[PDB]
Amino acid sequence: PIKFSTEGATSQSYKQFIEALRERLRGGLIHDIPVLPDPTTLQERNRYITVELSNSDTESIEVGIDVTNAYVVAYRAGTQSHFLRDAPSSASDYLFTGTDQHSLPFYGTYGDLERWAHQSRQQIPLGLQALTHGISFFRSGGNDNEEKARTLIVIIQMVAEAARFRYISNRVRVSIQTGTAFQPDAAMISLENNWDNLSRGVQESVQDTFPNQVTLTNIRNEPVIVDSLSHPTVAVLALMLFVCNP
(Lines of atoms letter the chains of each structure in order from A and count residues from 1; the text may use other names and numbers.)
(Lines give C-alpha, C1' and ligand atoms only; values in the text may rest on other atoms or scores of the structure.)
Protein backbone atom coordinates (compact mmCIF):
# COMPACT_ATOMS: atom_id res chain seq x y z
CA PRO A 1 0.00 0.00 0.00
CA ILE A 2 1.66 3.19 -1.28
CA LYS A 3 0.69 6.21 0.82
CA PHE A 4 0.51 9.97 0.47
CA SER A 5 -0.54 12.28 3.29
CA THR A 6 -1.64 15.87 2.84
CA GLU A 7 -0.89 16.75 6.48
CA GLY A 8 2.28 18.84 6.39
CA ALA A 9 3.02 17.63 2.86
CA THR A 10 6.16 18.95 1.18
CA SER A 11 7.64 19.00 -2.30
CA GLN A 12 9.83 16.14 -1.08
CA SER A 13 7.14 13.90 0.44
CA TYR A 14 5.05 14.24 -2.72
CA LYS A 15 8.05 13.51 -4.96
CA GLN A 16 8.86 10.39 -2.93
CA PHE A 17 5.23 9.24 -3.28
CA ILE A 18 5.32 9.63 -7.07
CA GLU A 19 8.73 7.91 -7.19
CA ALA A 20 7.36 4.93 -5.25
CA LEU A 21 4.34 4.76 -7.56
CA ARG A 22 6.57 4.89 -10.66
CA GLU A 23 8.75 2.09 -9.26
CA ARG A 24 5.74 -0.17 -8.70
CA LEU A 25 4.21 0.58 -12.12
CA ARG A 26 7.37 0.05 -14.20
CA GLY A 27 7.16 -3.12 -16.26
CA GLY A 28 10.39 -2.49 -18.14
CA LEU A 29 12.35 -0.10 -20.34
CA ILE A 30 12.02 0.61 -24.06
CA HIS A 31 14.65 2.90 -25.59
CA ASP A 32 15.71 3.69 -22.00
CA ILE A 33 12.20 5.01 -21.18
CA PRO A 34 10.12 3.14 -18.55
CA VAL A 35 7.05 1.36 -19.90
CA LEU A 36 4.07 -0.21 -18.19
CA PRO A 37 3.57 -3.99 -18.37
CA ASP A 38 2.25 -5.65 -21.51
CA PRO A 39 -1.36 -6.49 -20.51
CA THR A 40 -1.32 -9.72 -22.52
CA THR A 41 1.53 -11.31 -20.53
CA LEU A 42 0.57 -9.82 -17.15
CA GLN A 43 -0.89 -12.05 -14.44
CA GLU A 44 -4.17 -10.63 -13.16
CA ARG A 45 -3.03 -11.08 -9.56
CA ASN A 46 -0.34 -8.46 -10.31
CA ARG A 47 -2.55 -6.04 -12.25
CA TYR A 48 -4.18 -3.85 -9.58
CA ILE A 49 -2.52 -1.80 -6.84
CA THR A 50 -3.85 0.48 -4.11
CA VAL A 51 -2.73 3.96 -3.09
CA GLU A 52 -3.76 5.47 0.25
CA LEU A 53 -4.55 9.20 0.21
CA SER A 54 -4.93 10.58 3.72
CA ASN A 55 -5.56 13.92 5.39
CA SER A 56 -4.87 12.52 8.89
CA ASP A 57 -4.65 9.28 10.84
CA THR A 58 -8.47 9.31 11.02
CA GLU A 59 -9.41 10.52 7.51
CA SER A 60 -8.15 8.57 4.49
CA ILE A 61 -9.33 6.92 1.29
CA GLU A 62 -7.77 4.47 -1.14
CA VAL A 63 -7.67 4.53 -4.93
CA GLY A 64 -7.36 1.39 -7.04
CA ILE A 65 -5.06 1.67 -10.04
CA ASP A 66 -4.73 -0.51 -13.14
CA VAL A 67 -1.01 -1.01 -13.75
CA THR A 68 -1.59 -1.69 -17.47
CA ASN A 69 -2.47 1.96 -18.05
CA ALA A 70 -2.08 3.72 -14.65
CA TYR A 71 -5.83 4.39 -14.63
CA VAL A 72 -7.73 5.05 -11.44
CA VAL A 73 -10.50 2.46 -11.72
CA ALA A 74 -12.03 2.65 -8.24
CA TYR A 75 -11.82 4.26 -4.83
CA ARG A 76 -12.66 3.13 -1.31
CA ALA A 77 -13.95 4.91 1.78
CA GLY A 78 -14.30 2.57 4.75
CA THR A 79 -16.51 -0.43 4.02
CA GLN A 80 -17.78 1.03 0.71
CA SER A 81 -16.00 1.14 -2.65
CA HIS A 82 -16.92 2.70 -5.98
CA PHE A 83 -15.80 1.57 -9.43
CA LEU A 84 -15.74 3.63 -12.61
CA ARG A 85 -18.42 2.64 -15.09
CA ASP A 86 -15.81 1.33 -17.56
CA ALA A 87 -13.59 -0.37 -15.00
CA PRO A 88 -12.17 -3.66 -16.32
CA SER A 89 -14.37 -6.56 -15.26
CA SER A 90 -11.49 -8.09 -13.27
CA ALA A 91 -10.83 -4.91 -11.26
CA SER A 92 -13.56 -5.72 -8.70
CA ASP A 93 -12.14 -9.23 -8.25
CA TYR A 94 -8.88 -7.87 -6.81
CA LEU A 95 -9.59 -4.35 -5.50
CA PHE A 96 -11.55 -3.69 -2.32
CA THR A 97 -13.00 -7.20 -2.25
CA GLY A 98 -13.81 -6.84 1.46
CA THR A 99 -16.14 -3.90 0.82
CA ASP A 100 -19.57 -3.31 -0.62
CA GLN A 101 -18.67 -2.47 -4.21
CA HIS A 102 -20.74 0.01 -6.22
CA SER A 103 -20.67 1.09 -9.86
CA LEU A 104 -20.30 4.81 -10.53
CA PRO A 105 -22.62 6.32 -13.18
CA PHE A 106 -19.79 7.81 -15.27
CA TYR A 107 -16.89 6.47 -17.30
CA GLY A 108 -13.35 7.11 -16.12
CA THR A 109 -12.49 9.22 -19.17
CA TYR A 110 -11.87 12.95 -19.09
CA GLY A 111 -14.69 13.27 -21.60
CA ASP A 112 -17.31 11.82 -19.27
CA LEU A 113 -15.76 13.12 -16.04
CA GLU A 114 -15.69 16.66 -17.46
CA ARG A 115 -19.28 16.21 -18.65
CA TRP A 116 -20.41 15.15 -15.17
CA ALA A 117 -18.33 17.82 -13.41
CA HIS A 118 -19.69 20.55 -15.73
CA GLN A 119 -16.06 21.73 -15.84
CA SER A 120 -13.05 21.10 -18.03
CA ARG A 121 -9.67 20.12 -16.64
CA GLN A 122 -8.56 23.66 -17.50
CA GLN A 123 -11.18 25.03 -15.08
CA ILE A 124 -10.59 22.69 -12.11
CA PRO A 125 -7.88 23.80 -9.64
CA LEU A 126 -5.13 21.39 -8.62
CA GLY A 127 -2.87 21.35 -5.59
CA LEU A 128 -2.72 20.22 -1.98
CA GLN A 129 -5.96 21.93 -0.93
CA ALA A 130 -7.94 20.51 -3.86
CA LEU A 131 -6.67 17.02 -3.03
CA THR A 132 -7.38 17.54 0.68
CA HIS A 133 -10.91 18.69 -0.15
CA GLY A 134 -11.44 15.67 -2.41
CA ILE A 135 -10.19 13.18 0.18
CA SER A 136 -12.65 14.59 2.72
CA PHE A 137 -15.50 14.52 0.20
CA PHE A 138 -14.99 10.87 -0.73
CA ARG A 139 -14.56 9.82 2.89
CA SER A 140 -17.78 11.67 3.77
CA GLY A 141 -19.68 9.56 1.23
CA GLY A 142 -21.58 12.51 -0.24
CA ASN A 143 -23.63 11.45 -3.26
CA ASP A 144 -23.06 14.60 -5.36
CA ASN A 145 -21.99 13.00 -8.64
CA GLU A 146 -20.79 16.34 -10.03
CA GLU A 147 -18.30 16.67 -7.18
CA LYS A 148 -17.41 12.97 -7.45
CA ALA A 149 -16.36 13.60 -11.06
CA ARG A 150 -14.47 16.79 -10.23
CA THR A 151 -12.69 15.03 -7.37
CA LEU A 152 -11.57 12.20 -9.66
CA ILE A 153 -10.28 14.72 -12.20
CA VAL A 154 -8.09 16.15 -9.43
CA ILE A 155 -6.84 12.78 -8.14
CA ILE A 156 -6.23 11.38 -11.63
CA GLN A 157 -4.00 14.29 -12.58
CA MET A 158 -2.11 14.56 -9.28
CA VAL A 159 -1.51 10.78 -9.16
CA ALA A 160 -1.73 9.08 -12.56
CA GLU A 161 -0.71 11.93 -14.87
CA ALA A 162 2.03 12.95 -12.43
CA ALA A 163 3.34 9.38 -12.53
CA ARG A 164 3.39 9.47 -16.34
CA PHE A 165 4.91 12.91 -16.92
CA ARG A 166 7.88 14.51 -15.16
CA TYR A 167 6.48 17.90 -16.21
CA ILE A 168 3.26 17.26 -14.28
CA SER A 169 4.83 15.74 -11.17
CA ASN A 170 7.17 18.72 -10.98
CA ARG A 171 4.34 21.23 -11.43
CA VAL A 172 2.44 19.65 -8.52
CA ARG A 173 5.67 19.66 -6.52
CA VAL A 174 5.95 23.40 -7.12
CA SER A 175 2.34 23.87 -6.02
CA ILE A 176 2.95 22.12 -2.69
CA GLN A 177 6.27 23.91 -2.15
CA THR A 178 4.66 27.32 -2.75
CA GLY A 179 1.21 26.52 -1.34
CA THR A 180 -0.30 27.92 -4.55
CA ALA A 181 -3.00 26.02 -6.40
CA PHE A 182 -2.87 25.97 -10.19
CA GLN A 183 -4.94 25.08 -13.24
CA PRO A 184 -3.38 22.77 -15.85
CA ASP A 185 -1.60 24.77 -18.60
CA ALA A 186 -1.96 23.95 -22.36
CA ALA A 187 1.38 22.02 -22.15
CA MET A 188 0.15 19.82 -19.25
CA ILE A 189 -3.22 19.29 -21.03
CA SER A 190 -1.53 18.40 -24.34
CA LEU A 191 0.67 15.80 -22.64
CA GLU A 192 -2.38 14.21 -21.02
CA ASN A 193 -4.12 14.13 -24.41
CA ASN A 194 -1.13 12.55 -26.19
CA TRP A 195 0.23 10.00 -23.71
CA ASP A 196 -0.64 7.02 -25.90
CA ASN A 197 0.51 8.94 -29.02
CA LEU A 198 3.95 9.59 -27.50
CA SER A 199 4.26 6.04 -26.15
CA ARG A 200 3.43 4.64 -29.59
CA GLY A 201 5.88 6.97 -31.33
CA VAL A 202 8.72 5.92 -29.03
CA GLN A 203 8.04 2.19 -29.25
CA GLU A 204 7.25 2.00 -33.00
CA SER A 205 10.25 4.28 -33.77
CA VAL A 206 12.81 3.28 -36.47
CA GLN A 207 16.25 5.17 -36.50
CA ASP A 208 14.85 7.37 -33.63
CA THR A 209 11.94 8.49 -35.96
CA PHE A 210 8.23 7.99 -34.97
CA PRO A 211 6.26 6.14 -37.69
CA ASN A 212 3.66 8.94 -37.23
CA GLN A 213 4.36 12.53 -35.98
CA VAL A 214 2.75 13.48 -32.59
CA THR A 215 1.66 17.16 -32.34
CA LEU A 216 1.90 18.63 -28.77
CA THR A 217 0.94 22.13 -27.58
CA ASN A 218 3.52 24.15 -25.52
CA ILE A 219 2.80 26.74 -22.69
CA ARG A 220 1.90 29.53 -25.26
CA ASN A 221 -0.71 27.45 -27.32
CA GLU A 222 1.83 26.87 -30.20
CA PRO A 223 2.01 23.46 -31.92
CA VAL A 224 5.33 21.53 -31.32
CA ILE A 225 5.94 18.63 -33.80
CA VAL A 226 7.43 15.51 -32.05
CA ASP A 227 8.66 12.69 -34.41
CA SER A 228 11.92 11.40 -32.78
CA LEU A 229 13.43 10.02 -29.49
CA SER A 230 15.94 12.96 -29.37
CA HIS A 231 13.10 15.60 -29.24
CA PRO A 232 13.52 17.52 -25.90
CA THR A 233 9.81 17.01 -24.89
CA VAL A 234 10.46 13.18 -25.02
CA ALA A 235 12.51 13.58 -21.74
CA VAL A 236 9.22 14.47 -19.85
CA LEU A 237 7.88 10.89 -20.46
CA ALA A 238 8.39 9.03 -17.14
CA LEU A 239 6.11 6.05 -17.86
CA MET A 240 4.83 4.92 -21.25
CA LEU A 241 1.74 2.97 -22.12
CA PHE A 242 2.77 -0.36 -23.59
CA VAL A 243 2.13 -0.37 -27.34
CA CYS A 244 4.64 -2.79 -28.86
CA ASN A 245 8.13 -4.14 -28.40
CA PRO A 246 10.86 -2.82 -30.77
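The numbering used is simple: start at 1 and walk along the sequence shown.
The mean Cα B-factor in the deposited entry runs higher for 165-173 than for the other of 165-173 and 147-155. Here the stretch with the larger average CA B-factor, out of 204-212 and 182-190, is 204-212. Listed residues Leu25, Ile18, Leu237, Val226 were ranked by CA B-factor as deposited; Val226 comes out on top. When the Cα B-factors of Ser60, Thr68, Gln43, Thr50 are read from the PDB record, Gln43 comes out highest. For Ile219, the recorded CA B-factor ranks within the highest third of the chain. Only modelled residues enter the ranking. In the deposited entry, the Cα temperature factor of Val243 sits in the middle third of values across the chain's modelled residues. Among the modelled residues of its chain, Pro88 has a C-alpha B-factor that falls in the middle third according to the deposited record.
Sort the chain's modelled residues by C-alpha temperature factor and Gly141 lands in the highest third, per the entry. Among all modelled residues in its chain, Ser81 ranks in the lowest third by Cα B-factor.
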